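Coordinates as given in query.cif (mmCIF, C-alpha atoms and all ligand atoms):
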data_entry
#
loop_
_atom_site.label_atom_id
_atom_site.label_comp_id
_atom_site.auth_asym_id
_atom_site.auth_seq_id
_atom_site.Cartn_x
_atom_site.Cartn_y
_atom_site.Cartn_z
CA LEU M 256 -46.95 -31.79 -50.02
CA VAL M 257 -49.14 -31.42 -48.06
CA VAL M 258 -48.29 -33.07 -44.76
CA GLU M 259 -51.10 -31.27 -42.89
CA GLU M 260 -53.54 -33.44 -44.87
CA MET M 261 -52.15 -36.40 -42.92
CA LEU M 262 -52.74 -34.54 -39.66
CA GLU M 263 -56.22 -33.78 -40.82
CA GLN M 264 -57.10 -37.41 -41.55
CA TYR M 265 -55.23 -39.02 -38.65
CA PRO M 266 -55.70 -36.60 -35.73
CA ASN M 267 -54.80 -38.63 -32.65
CA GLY M 268 -51.31 -39.55 -31.44
CA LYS M 269 -48.37 -38.25 -33.50
CA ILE M 270 -47.53 -38.59 -37.17
CA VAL M 271 -43.86 -39.21 -37.89
CA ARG M 272 -41.72 -39.57 -40.99
CA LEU M 273 -39.15 -42.40 -40.82
CA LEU M 274 -36.16 -42.45 -43.23
CA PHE M 275 -34.26 -45.64 -44.19
CA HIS M 276 -30.85 -45.30 -45.85
CA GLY M 277 -29.74 -48.93 -45.33
CA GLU M 278 -27.83 -48.15 -42.17
CA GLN M 279 -30.79 -48.86 -39.87
CA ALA M 280 -30.66 -51.56 -37.22
CA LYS M 281 -31.03 -55.08 -38.69
CA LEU M 282 -34.07 -56.08 -36.73
CA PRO M 283 -37.87 -56.06 -37.36
CA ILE M 284 -38.16 -52.33 -36.65
CA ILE M 285 -41.89 -51.76 -36.57
CA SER M 286 -42.78 -54.77 -34.42
CA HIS M 287 -39.79 -54.04 -32.21
CA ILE M 288 -41.07 -50.56 -31.31
CA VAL M 289 -44.68 -51.72 -30.99
CA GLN M 290 -43.66 -54.25 -28.37
CA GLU M 291 -41.05 -52.21 -26.56
CA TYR M 292 -42.93 -48.92 -26.33
CA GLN M 293 -46.56 -50.11 -26.34
CA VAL M 294 -47.47 -48.03 -29.32
CA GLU M 295 -49.85 -48.68 -32.18
CA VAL M 296 -48.80 -48.07 -35.79
CA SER M 297 -50.79 -47.10 -38.86
CA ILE M 298 -49.04 -46.61 -42.17
CA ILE M 299 -50.24 -43.43 -43.87
CA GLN M 300 -47.88 -43.21 -46.83
CA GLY M 301 -44.60 -44.79 -47.81
CA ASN M 302 -42.08 -45.64 -50.46
CA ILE M 303 -39.48 -48.27 -49.62
CA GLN M 304 -37.28 -50.15 -52.07
CA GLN M 305 -34.72 -52.89 -51.64
CA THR M 306 -31.24 -51.81 -52.83
CA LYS M 307 -27.76 -53.25 -52.41
CA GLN M 308 -27.55 -50.98 -49.32
CA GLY M 309 -30.71 -52.62 -47.85
CA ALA M 310 -34.24 -51.15 -47.45
CA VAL M 311 -34.22 -47.49 -48.49
CA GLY M 312 -36.93 -44.85 -48.50
CA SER M 313 -39.53 -43.24 -46.26
CA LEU M 314 -42.57 -44.20 -44.23
CA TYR M 315 -45.14 -41.87 -42.66
CA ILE M 316 -46.81 -43.52 -39.69
CA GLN M 317 -49.29 -42.61 -37.02
CA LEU M 318 -48.15 -43.62 -33.53
CA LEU M 319 -50.83 -44.07 -30.86
CA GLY M 320 -50.28 -44.54 -27.14
CA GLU M 321 -49.39 -42.60 -24.03
CA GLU M 322 -47.52 -39.39 -24.77
CA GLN M 323 -44.31 -40.43 -22.99
CA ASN M 324 -44.31 -43.76 -24.82
CA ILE M 325 -44.75 -42.15 -28.20
CA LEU M 326 -41.87 -39.76 -27.45
CA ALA M 327 -39.66 -42.65 -26.29
CA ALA M 328 -40.56 -44.69 -29.44
CA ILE M 329 -39.56 -41.78 -31.65
CA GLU M 330 -36.13 -41.39 -29.95
CA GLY M 331 -35.91 -45.22 -30.01
CA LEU M 332 -36.23 -45.18 -33.81
CA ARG M 333 -33.51 -42.54 -34.02
CA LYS M 334 -31.17 -44.60 -31.83
CA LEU M 335 -31.89 -47.62 -34.05
CA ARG M 336 -30.55 -45.41 -36.96
CA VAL M 337 -33.94 -44.58 -38.39
CA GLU M 338 -34.11 -40.77 -38.74
CA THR M 339 -37.54 -39.75 -37.47
CA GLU M 340 -39.42 -36.53 -37.13
CA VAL M 341 -42.88 -35.41 -36.15
CA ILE M 342 -44.59 -33.82 -39.15
CA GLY M 343 -46.18 -30.33 -38.95
CA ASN M 344 -43.19 -28.64 -37.34
CA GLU M 345 -41.88 -26.81 -40.38
CA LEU N 256 -27.43 -25.20 -44.60
CA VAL N 257 -25.70 -27.06 -43.07
CA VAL N 258 -27.42 -28.19 -39.88
CA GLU N 259 -24.93 -31.04 -39.31
CA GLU N 260 -22.33 -28.35 -38.53
CA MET N 261 -24.40 -27.55 -35.43
CA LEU N 262 -24.37 -31.24 -34.46
CA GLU N 263 -20.67 -31.27 -35.01
CA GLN N 264 -19.99 -28.30 -32.70
CA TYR N 265 -22.60 -29.08 -30.05
CA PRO N 266 -22.56 -32.88 -29.72
CA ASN N 267 -24.31 -33.59 -26.43
CA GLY N 268 -28.05 -33.48 -25.74
CA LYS N 269 -30.32 -32.63 -28.69
CA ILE N 270 -30.36 -29.70 -31.07
CA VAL N 271 -33.82 -28.41 -31.93
CA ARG N 272 -35.24 -25.74 -34.20
CA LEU N 273 -38.05 -23.66 -32.64
CA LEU N 274 -40.42 -21.61 -34.87
CA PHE N 275 -42.35 -18.54 -33.66
CA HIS N 276 -45.27 -17.26 -35.76
CA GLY N 277 -46.80 -15.00 -33.07
CA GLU N 278 -49.28 -17.62 -31.95
CA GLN N 279 -46.99 -19.04 -29.26
CA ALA N 280 -47.95 -19.05 -25.60
CA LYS N 281 -47.60 -15.59 -23.98
CA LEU N 282 -45.18 -16.59 -21.29
CA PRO N 283 -41.36 -16.51 -20.88
CA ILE N 284 -40.88 -19.64 -23.01
CA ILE N 285 -37.22 -20.44 -22.54
CA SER N 286 -37.11 -19.98 -18.76
CA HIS N 287 -40.44 -21.78 -18.47
CA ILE N 288 -39.07 -24.95 -20.07
CA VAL N 289 -35.75 -24.71 -18.23
CA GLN N 290 -37.56 -24.73 -14.91
CA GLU N 291 -40.30 -27.19 -15.74
CA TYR N 292 -38.22 -29.82 -17.52
CA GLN N 293 -34.80 -29.32 -15.87
CA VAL N 294 -33.06 -28.74 -19.14
CA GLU N 295 -30.18 -26.47 -20.05
CA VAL N 296 -30.33 -24.22 -23.11
CA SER N 297 -27.63 -22.89 -25.40
CA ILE N 298 -28.55 -20.70 -28.35
CA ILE N 299 -26.71 -21.82 -31.48
CA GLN N 300 -28.32 -19.63 -34.12
CA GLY N 301 -31.44 -17.52 -34.38
CA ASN N 302 -33.37 -14.80 -36.09
CA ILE N 303 -36.33 -13.33 -34.23
CA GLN N 304 -38.10 -10.07 -35.01
CA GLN N 305 -40.94 -8.23 -33.34
CA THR N 306 -43.95 -7.80 -35.68
CA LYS N 307 -47.57 -6.77 -35.14
CA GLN N 308 -48.23 -10.53 -34.74
CA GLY N 309 -45.65 -10.73 -31.90
CA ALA N 310 -42.17 -12.38 -31.90
CA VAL N 311 -41.62 -14.17 -35.21
CA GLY N 312 -38.73 -16.26 -36.50
CA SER N 313 -36.55 -19.22 -35.58
CA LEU N 314 -34.15 -20.29 -32.86
CA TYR N 315 -31.77 -23.27 -32.92
CA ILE N 316 -30.97 -24.41 -29.40
CA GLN N 317 -29.06 -27.18 -27.72
CA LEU N 318 -31.05 -28.86 -24.93
CA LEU N 319 -29.08 -30.71 -22.24
CA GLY N 320 -30.49 -32.98 -19.56
CA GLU N 321 -31.86 -36.46 -19.06
CA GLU N 322 -33.20 -37.99 -22.25
CA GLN N 323 -36.81 -38.23 -21.05
CA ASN N 324 -36.72 -34.61 -19.88
CA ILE N 325 -35.38 -33.36 -23.19
CA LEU N 326 -38.12 -35.28 -25.04
CA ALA N 327 -40.80 -33.89 -22.69
CA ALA N 328 -39.42 -30.31 -23.13
CA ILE N 329 -39.62 -30.66 -26.89
CA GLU N 330 -43.30 -31.82 -26.80
CA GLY N 331 -43.86 -29.10 -24.16
CA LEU N 332 -42.70 -26.44 -26.65
CA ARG N 333 -45.05 -27.87 -29.27
CA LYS N 334 -48.00 -27.78 -26.87
CA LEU N 335 -47.09 -24.16 -26.03
CA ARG N 336 -47.53 -23.49 -29.84
CA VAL N 337 -43.85 -23.37 -30.63
CA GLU N 338 -43.24 -25.78 -33.54
CA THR N 339 -40.10 -27.73 -32.66
CA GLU N 340 -38.04 -30.38 -34.31
CA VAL N 341 -34.80 -32.19 -33.70
CA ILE N 342 -32.32 -31.32 -36.44
CA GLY N 343 -30.49 -34.04 -38.44
CA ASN N 344 -33.60 -36.08 -39.25
CA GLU N 345 -34.01 -35.06 -42.86
ZN ZN T 1 -30.91 -43.19 -42.18
ZN ZN T 2 -35.32 -51.95 -28.47
ZN ZN T 3 -38.08 -30.66 -40.65
ZN ZN T 4 -45.82 -21.35 -34.82
ZN ZN T 5 -45.41 -25.46 -18.47
#
What would you get if you wrote out this structure as structure tokens?
Amino acid sequence: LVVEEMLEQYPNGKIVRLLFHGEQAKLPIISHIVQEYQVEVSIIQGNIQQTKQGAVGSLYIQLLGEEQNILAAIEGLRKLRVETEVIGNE
Amino acid sequence: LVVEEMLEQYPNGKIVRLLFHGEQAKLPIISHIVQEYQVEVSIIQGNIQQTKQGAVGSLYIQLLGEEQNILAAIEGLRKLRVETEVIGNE
């Protein structure tokens, strides 16, 4: 992997993996969540490609902010059809 | 797997996988979160064994309740040293 290297380098907040299969909400996802949930975003690693289905791939991001807001932003992503999970829970 | 079969049979709330490596908080975890976060718990699948390290294994549970409370219960588990993630995000 090794996802714990991301946790090691980016300790604060939560690190999440976002998946894009082309079904995600057609809006500016990252700015949308920044503004709505008052979270900061740092891109750690990613691979996204444009396909006929739309943007497809993965993004690992660090979210910073109040705990409740980070949690809400993560469920927000999921509801916007971006599968999201906090790394380090396997 | 197939974790989506759990989502199919238990549609409401969130389905989470909890991991126990023996480092988890030494308290009655499931009742603790039920009471603190006002969530309901249904066990879907699990394999837990007692070892010299303590209780080790996994539990898949359905959490029911208000969205914010479910989210808080999930982070609560993590803080209590039970690695937890919402299934269906791979
Ligand atoms: Zn997707
Ligand atoms: Zn929104
Ligand atoms: Zn996982
Ligand atoms: Zn553990
Ligand atoms: Zn507690």
Query raised in the report: Any idea what's packed within 6 Å of stretch 330-344 of chain M, counting all atoms listed in the file, ignoring anything in its chain fewer than 6 positions away? Could you give it as a VMD selection string?
Result: (chain M and resid 270 to 275 279 to 280) or (chain N and resid 338 to 339 344)
Query raised in the report: Nearest to chain M among N:312, N:317, N:281, N:300, with distances taken over only C-alpha atoms: which residue is it?
Result: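 Among the listed residues, N:312 lies closest to chain M.
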Query raised in the report: Taking into account all atoms listed in the file, which residue in the set M:291, M:260, M:345, M:321 is nearest to chain N?
Result: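 Smallest distance to chain N is found for M:345.
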Report summary line: Correct to one decimal, the distance atom CA of residue M:301-atom CA of residue N:327 is 27.6 Å
Query raised in the report: What gap, in Å, lies between atom CA of residue N:313 and atom CA of residue M:329?
Result: 23.1 Å
Query raised in the report: What does the distance from atom CA of residue N:282 to atom CA of residue N:267 come to in Å, to one decimal?
Result: 27.4 Å
Requested in this report: Would you mind listing what lies within 12 Å of residue M:295 as a VMD selection string, with only C-alpha atoms counted and same-chain residues fewer than 6 positions away left out?
Outcome: chain M and resid 267 to 270 285 to 289 316 to 321 324 to 325 328
Requested in this report: Considering only C-alpha atoms, return as an NGL selection string whatever protein or nucleic-acid residues lie within 8 Å of stretch 306-309 of chain M, sequence-local ones (same chain, fewer than 2 positions apart) excluded.
Outcome: :M and (276-278 or 304 or 311)
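Among the candidate residues N:310, N:257, N:293, N:326, the one lying nearest to ligand ZN 4 (chain T) is N:310, with distances computed using all atoms listed in the file.
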Query raised in the report: So, counting only C-alpha atoms, which residue among N:322, N:256, N:315, N:297 is closest to chain M?
Result: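 So, comparing all the options, the nearest one is N:322.
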